[PDB]
Amino acid sequence: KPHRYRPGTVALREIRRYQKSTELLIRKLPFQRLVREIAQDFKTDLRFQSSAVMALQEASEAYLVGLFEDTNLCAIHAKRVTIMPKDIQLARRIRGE
Amino acid sequence: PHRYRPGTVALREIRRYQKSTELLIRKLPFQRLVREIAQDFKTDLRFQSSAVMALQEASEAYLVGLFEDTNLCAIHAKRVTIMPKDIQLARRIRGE
Amino acid sequence: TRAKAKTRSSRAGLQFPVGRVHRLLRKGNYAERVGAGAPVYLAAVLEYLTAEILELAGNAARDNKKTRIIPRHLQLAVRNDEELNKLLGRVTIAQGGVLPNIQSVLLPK
Amino acid sequence: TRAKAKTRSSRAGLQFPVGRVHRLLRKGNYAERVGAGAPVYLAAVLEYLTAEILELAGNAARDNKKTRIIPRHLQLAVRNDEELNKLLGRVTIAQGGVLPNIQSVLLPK
Amino acid sequence: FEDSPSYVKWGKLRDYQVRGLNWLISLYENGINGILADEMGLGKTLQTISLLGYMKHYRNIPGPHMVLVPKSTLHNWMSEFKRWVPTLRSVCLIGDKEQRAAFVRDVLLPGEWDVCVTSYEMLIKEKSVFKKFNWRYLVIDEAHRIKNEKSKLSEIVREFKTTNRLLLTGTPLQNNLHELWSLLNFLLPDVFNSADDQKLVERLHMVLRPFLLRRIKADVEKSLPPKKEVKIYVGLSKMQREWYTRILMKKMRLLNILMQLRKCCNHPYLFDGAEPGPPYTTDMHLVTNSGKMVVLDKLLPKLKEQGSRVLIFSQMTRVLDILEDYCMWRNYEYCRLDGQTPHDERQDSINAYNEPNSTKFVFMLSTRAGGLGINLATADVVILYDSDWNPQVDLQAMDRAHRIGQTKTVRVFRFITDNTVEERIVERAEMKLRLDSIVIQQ
Amino acid sequence: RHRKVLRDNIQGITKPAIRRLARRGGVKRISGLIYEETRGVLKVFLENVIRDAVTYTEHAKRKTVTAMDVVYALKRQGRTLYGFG
Amino acid sequence: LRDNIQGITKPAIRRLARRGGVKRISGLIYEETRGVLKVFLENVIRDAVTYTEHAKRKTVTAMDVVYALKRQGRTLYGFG
Amino acid sequence: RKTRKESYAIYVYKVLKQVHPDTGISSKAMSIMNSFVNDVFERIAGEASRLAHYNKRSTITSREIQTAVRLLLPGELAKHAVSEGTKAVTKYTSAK
Amino acid sequence: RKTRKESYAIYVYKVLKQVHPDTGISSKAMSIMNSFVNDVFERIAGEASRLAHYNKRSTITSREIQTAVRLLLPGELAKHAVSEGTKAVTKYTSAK
DNA sequence: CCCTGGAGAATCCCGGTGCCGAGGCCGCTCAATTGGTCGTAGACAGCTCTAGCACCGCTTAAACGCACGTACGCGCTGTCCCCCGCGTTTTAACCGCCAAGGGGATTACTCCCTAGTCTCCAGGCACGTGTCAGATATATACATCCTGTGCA
DNA sequence: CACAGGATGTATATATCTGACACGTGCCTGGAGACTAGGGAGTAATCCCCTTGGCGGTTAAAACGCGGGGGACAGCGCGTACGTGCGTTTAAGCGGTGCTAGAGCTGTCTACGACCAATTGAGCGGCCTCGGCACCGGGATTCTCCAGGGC
Ligand SMILES: Nc1ncnc2c1ncn2[C@@H]1O[C@H](COP(=O)(O)OP(=O)(O)O)[C@@H](O)[C@H]1O
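Printed below as a string of structure tokens:
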């Protein structure tokens, strides 16, 4: 009785919404904590400007988006609709990573 | 009438050509193709033999790498046969 | 007497700093000597590229019903044009987003 | 008078030309000035890389039962090492061929 | 107005609040904005309700009046408004976005109220709406909240179009004269518009007397046995000495050297690696490795065989956790009041500690937790594990037990260490406290 | 003696955040094993970039990493970024 | 001059694919491979001709080819 | 008084007003345009420097800049930019 | 006569005799090794040039070379190369 | 039955051929040695401001956990036609040789362009400042998706 | 299987508010005008080399046809993992304290290390010569693949 959308309409709606927007889809404080933790391995007593974290977040989001696009292309190649670790690995292998 | 199954001769050729190092395209047809392509950019272009040799080396390396990626795509699609769709997917993922 | 100072940009009809370009070329360690016309040529090329990208960005901004240009408009203009996309194929624009593109297989039918 | 000539290559215990590297750095338009230790350091790095590649290629050639090194041996050595492969990942070696690698799904059942 | 008014209900006022009302009426007659520093426990809210009721009734000016209070006192203020002066019309702004919109549309925008009571956060949220009303009176409770300029609340409250202004703070002076100048600039922007023995003191008193009213909690009660203080010095343990030398030099990343020396004087286990290995045992390691803990371990049993009911105030919840471990080891009775304790849990713990007959013996409080509430009468002994930069914070901590409900003298044992950051912290606090005394107490 | 740990910082990159990134990428259905792979690839990318940026900062003899250092590291890796310098 | 691309023969393409490591080749892949080779060669020859014309020469040199490949991202070792 | 940093923002604004008379640009977009100009300048200058080194010359000239432009820009942009640079050079030479 | 041509062939041969005493080389392999040495030299020198420009300094020093090596070479190669360069510079400083 | 036999391909072991790598000489140019200078960079000092550590209080959006059902991935099966292996005929690559001439490479001379200096001064940059474009909220109006219902 | 209607999401005018963008002003420092000196590059001439055109004979490789089995692709069924919506929880985000140093940024001073110049002698490039390693061919093994007990 309660209204319910078919499984896949909300996915397309969200695709359109996030392809219309421009903001960052990763939380700032978790990303900053991750950046600090990674930096602690390479060198201690390191300080980060706020602009550096923003640049890292922008670059990381762009890289992940491009990866997901190529992954979706590979999944469509395999006559599927879902993306898989196989698709991610194939995309990275062809790109040379 | 002895006859091999459809695919063993292909594997033998794979092994021998992966062990060999020589060029796999005919030199005179490649040279004619290079001159014809250069006909569009400038007339009366003379080529050193080394230039055509280097062009052939680069072209063969590029095609071999492309075929490797295409085979990977075909195996991902659960196929043993490579297709133009596989070549196009490889080009799109490479960035061409 | 001392003739009035006329800028090399005005001499060549450019809106770009020919003198600054000459100084950057001399200080950038590209060669020992720099020609007279090379900075003028380079400034003109930079001017044309800026004009092209700005024309496309202004078209996009008017298409979105705004007066100011934003990085979203810049990314929209850089994509959707083949030549600029080839020129800036490995460049990430901050606060730019992506293009609208949904694969026809995913579309419901 | 002057003392006997002593090359900086011998003064640093190397086999690569420090003076030639210094001249190439000076005439390459890389900076306005070049320090004294930079040619020595760069020659040492180049010698290390060359020795590493040559050792790998010699091992490959011995595994092929040949004395002289050929481009096939160089390609085998480069592509069998992860770090050297990453260094030369965008480089094509003439008359090198490819590594023998057949995918497992294509093998006979 | 030498006598209590008639608009007040549910009991009559007394002399100190009637004199405060006279002072505020004179302030309004002279058209000056001022500060009430009556100290907690004298009826500042009662006096403010009296002033608003007076201005509503005796003067024919029912206008838009706003009272800014902390969120923790909104219900108490509304209950007092309904109780003492039910004549007035009072409206409160709190809740979610939809509740705020509903309230403003239903009651605020139509404009049938007299006093609007809102919290600081609701003022920041609804500044655009609140800026419309032709504000007449602006009573800000806990005026030391705006003691710092360059702050968003301070600038927002300055940008209102107001006629009469009032401040209700128990500690007008906290560290230096800049914050007092900021409060006085909010009151009278023109008079003080820059920067604040014969050259000083006398001039300060003659300037501030027409603007400040303060009466200590000593001329009304004649009770509450006087505060007793003992400043106990503590020898540094050996591991504490080793870590102190190590941090004095400079793998553990240490950014704030002062903030490392501070906990190092508290307990070495607060670092990483100072604690013993994986066995995770809890048997006499804590006591011996900390000199303050050795002193406290000696001190507690005597008080327990005596009056007991000790409060321990600390500036680090990690130190509070270490004290919890110690209390479990000694099998004492403990209650933890922290900044992470939910509101319902706080009240139940406070009531349980303040039951007529309880087995509780230790109550542990963060030095800045709760705030201007918290009734702890059964206590007799207050232990200041750490000393803070602002001495008024410790004064509030030690008057959380030194209130009208107490019957035995409070003994404030303050732990300090030789030649550490504690020495300079206590020296700074003493300088600030002496400045506060010389400036305000007269 | 009382201490506890919250979570690993790689888990701060949440499943809904990865879903949003895939939505911008143009993905309809997503497996459940994708999140581990995405965390791994992001960690590798960040490690490379941060190592290069730290090398630049150490060369400049500073203790603070700057947006310019990040831009230089990205340009070295071939991912030129416009907007921060 | 025409039909020179058909000088690139099906057996040659099959040999290249075998060195790449493929087993079964679809019949439509030969024309596609010819087009790929044509575009790659056109780009490289365009850059080489640009270098040759800048040098004011009429002969394309192996160094011109190497410089073109280098600026395209395909460094070649063995020709200078 | 902070130190002086030089950006192409003024000239980008002049070009913008010439192209679209009534439009604006935000700070981030101006930063992006400045970065784009710097990147293109560096590409062209480096290519011209390598051309000069390859031909064993010590001078960067308009010929080198034209060749670098044709090597970097993709086609229609290349020819239009070459025409613009030639026009500017002719005007500069004939004027003063 | 024909102008002189420089190459690293004799030094590569000396290194080869040092590492494998009884192994020879061919002309094609020598060309490849000369190209490899030139390529690595160019990469390191360009990185050091960019570092000097980024820090706004006019001199390329051993610090610049070390930083460039750490940037370009991956991992263990970088560590061993840094150690070798440090050793060579120490020997040169002491024995000069 | 899986194991046997036949057949082809791959590998290993010897013997004659050629050309290419390694060595040995000569000239010349480039690197080493001294001497002299100055400008870059190291070192220091003063200033200001953002970053950092340990907390409190509060709001609220976003993450998290749960249960349902439904498309979707995955395996299985059958069809057929396309790709492959092999033999035969044909075409053109390959090799060697010869001949001619355009053009690449070098050299010498001269001049014209550019580096470097010093005045001179206007364009560009930092600092304030006020008004308009865009962001937000809100109540309509429109488009879209989903389900039920006569069709059955 | 094709509409009607409902419920939801989304685009649309419209009013408000704010903070950043575009503008104006003062100053200062780097770019333009005038000038000289020197050496890089243009221009002409010459030489020889290396590219192109043509011809003949061999022979390996390409093109063509054929016969057949294995792979691609469509269809079908299932049980299962993921999307959708909902109710609870948590931590992000914002606003405040309270310090000190700390690290980056600018202005001066001075010394040592890199450039520049002249001179000179070994190191390196180019030219010849010669033997041994690679190569080519030949012949006896060993491994592997495909019928056939459907051996
Ligand atoms: N009307 C009153 N007369 C006397 N004492 C009072 C009154 N109201 C409260 N108190 C005492 O003062 C203490 C706190 O008073 P406080 O909350 O400051 O009053 P107000 O809220 O009116 O300022 C309480 O412990 C209470 O015992």
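Residue numbers (the UniProt record's numbering), protein chains in the order written: chain A, 38 to 134; chain B, 39 to 134; chain C, 11 to 119; chain D, 11 to 119; chain E, 168 to 363, 377 to 430, 443 to 634; chain F, 18 to 102; chain G, 23 to 102; chain H, 31 to 126; chain I, 31 to 126. Think of the CB as a built atom: it goes at the ideal place given N, C-alpha and C, for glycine as much as any other residue.
Considering just the uninterrupted stretch of the beta strand (DSSP E) at residue i, what are its terminal residues?
{"i": "E:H232", "result": "232-235"}
{"i": "F:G100", "result": "First-last for F:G100: undefined, no H or E at that position."}
{"i": "E:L576", "result": "573-576"}
{"i": "H:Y43", "result": "No beta strand (DSSP E) holds H:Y43; the alpha helix (DSSP H) holding it covers 39-49."}
If we call anything under 7 Å between Cβ atoms a contact, is residue i one with residue j?
{"i": "G:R56", "j": "G:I27", "result": "yes"}
{"i": "B:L127", "j": "A:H114", "result": "yes"}
{"i": "E:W251", "j": "E:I216", "result": "yes"}
{"i": "C:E57", "j": "C:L98", "result": "no"}
{"i": "C:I79", "j": "H:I40", "result": "no"}
For residue i, list the residues DSSP reports as bridge partners.
{"i": "E:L529", "result": "E:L557"}
{"i": "A:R41", "result": "Answer is none; A:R41 lacks a bridge partner."}
{"i": "E:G201", "result": "E:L333"}
{"i": "I:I90", "result": "D:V44"}
Going by DSSP in three states, residue i sits in which element: helix, strand or coil?
{"i": "E:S257", "result": "strand"}
{"i": "E:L335", "result": "strand"}
{"i": "D:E93", "result": "helix"}
{"i": "B:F85", "result": "strand"}
{"i": "E:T215", "result": "helix"}
{"i": "E:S506", "result": "strand"}
{"i": "G:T81", "result": "strand"}
{"i": "H:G54", "result": "strand"}
{"i": "E:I228", "result": "coil"}
{"i": "A:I75", "result": "helix"}
{"i": "residue 11 of chain B", "result": "Chain B is shown only over 39 to 134; residue 11 of chain B falls outside these bounds and no answer can be derived."}
{"i": "E:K238", "result": "helix"}
{"i": "E:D308", "result": "strand"}
Report the rounded CA-to-CA distance for residue i versus residue j, giving the unit in angstroms.
{"i": "C:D91", "j": "I:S61", "result": "43 Å"}
{"i": "H:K35", "j": "F:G102", "result": "12 Å"}
{"i": "A:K57", "j": "D:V50", "result": "56 Å"}
{"i": "E:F553", "j": "E:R501", "result": "5 Å"}
{"i": "F:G42", "j": "A:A48", "result": "12 Å"}
{"i": "B:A112", "j": "A:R130", "result": "14 Å"}
{"i": "C:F26", "j": "H:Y43", "result": "11 Å"}
{"i": "E:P493", "j": "E:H594", "result": "22 Å"}
{"i": "I:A108", "j": "D:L66", "result": "17 Å"}
Assuming residue i is part of the alpha helix (DSSP H), what are its boundary residues?
{"i": "E:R606", "result": "Where E:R606 is concerned, there is no enclosing alpha helix (DSSP H), although the beta strand (DSSP E) it sits in stretches over 603-609."}
{"i": "E:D399", "result": "Neither: E:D399 is in no alpha helix (DSSP H) and is coded neither H nor E."}
{"i": "G:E53", "result": "51-76"}
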